[PDB]
Amino acid sequence: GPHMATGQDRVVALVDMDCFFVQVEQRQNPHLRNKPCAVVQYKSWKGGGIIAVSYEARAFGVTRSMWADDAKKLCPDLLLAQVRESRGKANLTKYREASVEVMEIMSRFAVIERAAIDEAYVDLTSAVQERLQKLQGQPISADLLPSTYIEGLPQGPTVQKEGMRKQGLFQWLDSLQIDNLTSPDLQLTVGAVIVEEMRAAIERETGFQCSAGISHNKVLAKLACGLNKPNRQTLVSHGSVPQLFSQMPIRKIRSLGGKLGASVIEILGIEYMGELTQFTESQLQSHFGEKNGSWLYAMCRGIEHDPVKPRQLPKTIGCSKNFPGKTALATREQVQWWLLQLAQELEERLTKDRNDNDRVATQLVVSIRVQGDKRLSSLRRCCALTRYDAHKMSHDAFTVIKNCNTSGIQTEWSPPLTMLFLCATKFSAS
DNA sequence: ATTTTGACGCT
DNA sequence: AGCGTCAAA
Ligand SMILES: [Ca+2]
Ligand SMILES: [Mg+2]
Ligand SMILES: [Mg+2]
């Protein structure tokens with residue numbers, strides 16, 4: 001009752017760019033705008049692997065991970081943009097730079113946590129308090145929320161999408177208590193007003209559209225974001241959680257899409273997030289561990305305390321290349337040449353990072369995969385990163401992995417290498 | 001023969 | 001430290 005926390009103490013948004021790499025390429029090449037199109041890496045093997053897909057192309061069934069040759073079977077007029085190749089490998093610089101554009105705009109509004117190349121969490125609690133003080137009891141107009149959905153509405157006693165959106169928004173705003181500055185629902189609504197402004201700023205200043213979720217915590221904000229993509233935002237209130245979770249597959253909640261979620265389903269014999277409420281906290285801890293159990297117990301009630309971390313920059317800078325099938329590296333010269341290629345890209349990126357962000361990486365992580373291992377990485381070794389020099393870094397990586405070559409012949413490498421990975425970590429101020 | 005990333009937990 | 005899990009485009 002009066003002491004039960006309800007996880008309504010914060011306003012958190014999650015902003016996620018729509019079909020991000022596709023929008024970067026469509027900005028650059030107007031011929032691709034408003035077309036079925038996809039972004040592809042490499043071309044010789046089956047036309048290249050698709051990594052991003054416009055919504056027009058998704059209508060034909062094109063998805064990520066599809067070979068372009070296969071996507072063309074579903075969508076013969078599919079347009080393609082290729083990821084840049086430098087030093088023999090795909091190079092994602094253009095997308096990293098576009099990400100910085102968006103992250104810098106979002107940081108004007110609030111502290112952000114960079115969650116991926118195209119998404120960030122925003123802690124809006126303080127901005128909301130400020131805006132409520134500015135508003136001075138003034139009601140919030142639907143015109144301030146032109147792209148907002150209120151999850152769960154309309155309800156109770158138009159057949160077009162925008163009509164339904166407005167009906168739900170009208171029901172929500174008609175029922176708000178705008179004179180109570182401590183009302184969580186009002187706080188979320190002001191949060192959504194701010195996110196409309198942030199999304200408008202992103203589109204105005206970059207050309208890129210995005211979706212967003214607004215709720216009381218990161219997990220619900222992320223879930224909310226996906227409910228009405230693209231180019232829309234969704235408010236998930238605390239009160240919407242029971243109905244929302246009553247038919248929500250467990251795997252849809254962030255962190256439950258893999259083995260742990262599968263085990264929750266198998267061990268407990270349930271399917272939907274809401275079914276978790278019938279277990280005690282101790283029961284959940286007994287199956288999934290102390291941390292996961294407490295997290296599940298609160299999360300299924302819509303409560304999560306994970307903070308929006310103040311971190312706009314990536315914590316690592318890495319470069320990786322697979323060598324599948326017959327292309328596996330089987331000679332020492334090959335291994336050294338590709339380590340050099342990777343180290344040269346890494347050096348370029350590190351030097352730019354040092355100039356932009358006043359920091360230096362101090363550890364180099366080398367990871368490899370040998371033919372015949374189901375795991376992504378077969379071996380990982382670290383060494384000191386003391387100089388931003390590609391030849392030194394490639395030599396040091398070779399030194400730390402050379403003992404993996406079983407082959408009695410110095411010139412031959414066995415078992416062949418199917419992946420090389422260099423990652424700069426452990427940044428210190430500079 | 002998706003590939004190329006990036007964060008964080010476990011022991 | 002090295003390995004594993006989960007998640008982005
Ligand atoms: Ca996205
Ligand atoms: Mg994303
Ligand atoms: Mg995606």
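Residue numbers start from 1 in every chain, and the chains themselves are labelled A, B, ... in the order their sequence lines are given, proteins ahead of strands.
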A:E348 backbone acceptor or donor facing A:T351 side chain under 3.5 Å:
no
dist A:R199:CZ -> A:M17:CE (nearest 0.5 Å) comes out at 9.5 Å
In terms of heavy-atom contacts, A:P249 and A:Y272 come closest through N-CD2, 3.8 Å
*For the residue pair A:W413 and A:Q334, establish whether any side-chain heavy-atom pair is separated by less than 4.5 Å.*
no
Rounded to the nearest 0.5 Å, the OG atom of A:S237 sits from the NE2 atom of A:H216 at a distance of 7.0 Å
Look at the aromatic rings of A:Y95 and A:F21 and report parallel, tilted or perpendicular, splitting at 30° and 60°. parallel
SG of A:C225 to CD of A:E119, rounded to nearest 0.5 Å, is 7.5 Å
State whether the side chain of A:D18 and the backbone N or O of A:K229 hold a donor-acceptor pair below 3.5 Å, judged by distance alone.
no
A:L186 and A:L176 have their tightest heavy-atom pair at N-CD2, 4.1 Å
Are the side chains of A:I140 and A:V193 in contact, using a 4.5 Å heavy-atom criterion?
yes
Checklist entry - So, A:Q336 side chain and A:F398 main chain: donor-acceptor pair closer than 3.5 Å or not? => result no
Return yes if some donor-acceptor pair links the side-chain N/O of A:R64 with the main-chain N/O of A:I51 below 3.5 Å, else return no. yes
**Q.** Any side-chain donor near an acceptor of the partner, A:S183 and A:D185, under 3.5 Å
**A.** no
Surrounding NZ of A:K43 (heavy atoms of other residues, nucleotides or ligands, distance under 6.0 Å), is the total greater than 12?
yes
Requested in this report: Using distance alone, with no hydrogens and no angle criterion, decide if A:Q371 and A:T418 have a side-chain donor and acceptor under 3.5 Å apart.
Outcome: no
Checklist entry - Taking side chain as C-beta onward, heavy atoms only, is A:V370 less than 4.5 Å from A:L417? => result yes
Worksheet item: Hey, is OH on A:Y42 packed in by over 12 heavy atoms from elsewhere, all under 6.0 Å?
Response: yes
Separation between CG (A:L260) and CD1 (A:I253), nearest 0.5 Å, reads 12.0 Å
Q | Side chain proximity check, A:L244 to A:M273, heavy atoms < 4.5 angstrom | A | no
Note to self: Whether the A:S147 and A:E196 side chains hold a donor-acceptor pair (N or O, under 3.5 Å, no angle test) is what I'd like checked.
What the structure shows: yes
Margin query: Apply side-chain contact (heavy atoms from CB on, under 4.5 Å) to residues A:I202 and A:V15 and explain how you reach the verdict.
Written below: CA-CA 10 Å; A:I202 293 168; A:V15 180; 4.2 Å; yes
**Request:** For the pair A:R108 and A:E205, find out whether any cationic side-chain nitrogen is under 4.0 Å from an anionic carboxylate oxygen.
**Result:** yes
In terms of heavy-atom contacts, A:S211 and A:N231 come closest through OG-N, 3.1 Å
*Distance only, no hydrogens: is a donor on one side chain within 3.5 Å (strictly under) of an acceptor on the other, for A:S86 and A:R84?*
yes
Is the number of heavy atoms from other residues, nucleotides or ligands within 6.0 Å of NZ (A:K252) greater than 12?
no
* Main-chain N/O of A:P324 paired to A:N322 side chain as donor or acceptor, under 3.5 Å -> no
*asked:* Let's go through A:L346 and A:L342 carefully: what are the C-alpha distance in whole Å and the side-chain angles of both, what is the deciding distance for side-chain contact (heavy atoms from CB on, under 4.5 Å) to 0.1 Å, and is it a yes or a no?
replied: CA-CA 6 Å; A:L346 185 59; A:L342 291 180; over 6 Å; no
Judged by modelled atom types alone, do A:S428 and A:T362 share a side-chain donor-acceptor pair under 3.5 Å? no
- [ ] Answer yes if the side chains of A:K94 and A:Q28 hold a donor-acceptor pair under 3.5 Å, and no otherwise.
- [x] yes
Give a yes or no on whether the backbone of A:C37 and the side-chain of A:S54 come within a donor-acceptor separation of less than 3.5 Å.
-> yes
Quick one about A:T406 and A:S414 (side-chain donor to acceptor, distance below 3.5 Å, no hydrogens or angles considered), yes or no? yes
**Prompt:** Do A:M164 and A:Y149 come within less than 4.5 Å of each other through their side chains, counting heavy atoms only?
**Reply:** no
message = Closer than 4.0 angstrom, basic N to acidic O: yes or no for A:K73 and A:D70?
response = yes
Taken to the nearest 0.5 Å, the spacing of A:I250 CD1 from A:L256 CG works out to 7.5 Å
What one should report as the nearest heavy-atom pair of A:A90 and A:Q41 is CB-NE2, 3.6 Å
Residues A:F245 and A:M299: closest non-hydrogen pair is CE2-O, 3.2 Å
### Query
Is the backbone N or O of A:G274 less than 3.5 Å from a side-chain atom of A:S246, with the two atoms forming a donor-acceptor pair by type?
no
### Query
Are the side chain of A:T316 and the backbone N or O of A:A424 linked by a donor-acceptor pair below 3.5 Å?
no
I want to check something: taking the side chain as every heavy atom from C-beta on, are A:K352 and A:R96 in contact at a cut-off of under 4.5 Å?
no
Please lay out, stage by stage, how A:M106 and A:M198 fare under the test side-chain contact (heavy atoms from CB on, under 4.5 Å). CA-CA 7 Å; A:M106 282 185 293; A:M198 180 173 44; 3.6 Å; yes
Q: In plain terms, say whether A:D353 and A:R349 are close enough for a salt bridge, that is, a side-chain N and a carboxylate O under 4.0 Å apart.
A: no
Rounded to the nearest 0.5 Å, the SG atom of A:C319 sits from the CD atom of A:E347 at a distance of 10.5 Å
Looking only at heavy atoms, the pair that brings A:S255 and A:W295 closest together is OG-CH2, 3.5 Å
- Are side-chain N/O atoms of A:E101 and A:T206 paired as donor and acceptor at under 3.5 Å? no
Any non-hydrogen side-chain atom of A:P314 less than 4.5 Å from a side-chain atom of A:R114? yes
salt_bridge(A:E162, A:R165) N-O dist < 4.0 Å: yes
Next on the checklist: For a side-chain contact (heavy atoms from CB on, under 4.5 Å) check, start with the C-alpha distance between A:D16 and A:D118, then their side-chain angles and the critical distance, and finish with the verdict.
Outcome noted: CA-CA 6 Å; A:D16 184 277; A:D118 87 320; 3.5 Å; yes
Inset, instruction - Look only at the side chain of A:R381 and the backbone of A:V366, and say whether a donor-acceptor pair between them is shorter than 3.5 Å. - result: no
Q.
If you define the side chain from C-beta out and look only at heavy atoms, does anything of A:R254 sit under 4.5 Å from A:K218?
A. yes
Donor-acceptor pair, distance only, cut-off 3.5 Å: does the side chain of A:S367 make one with the backbone of A:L379?
yes
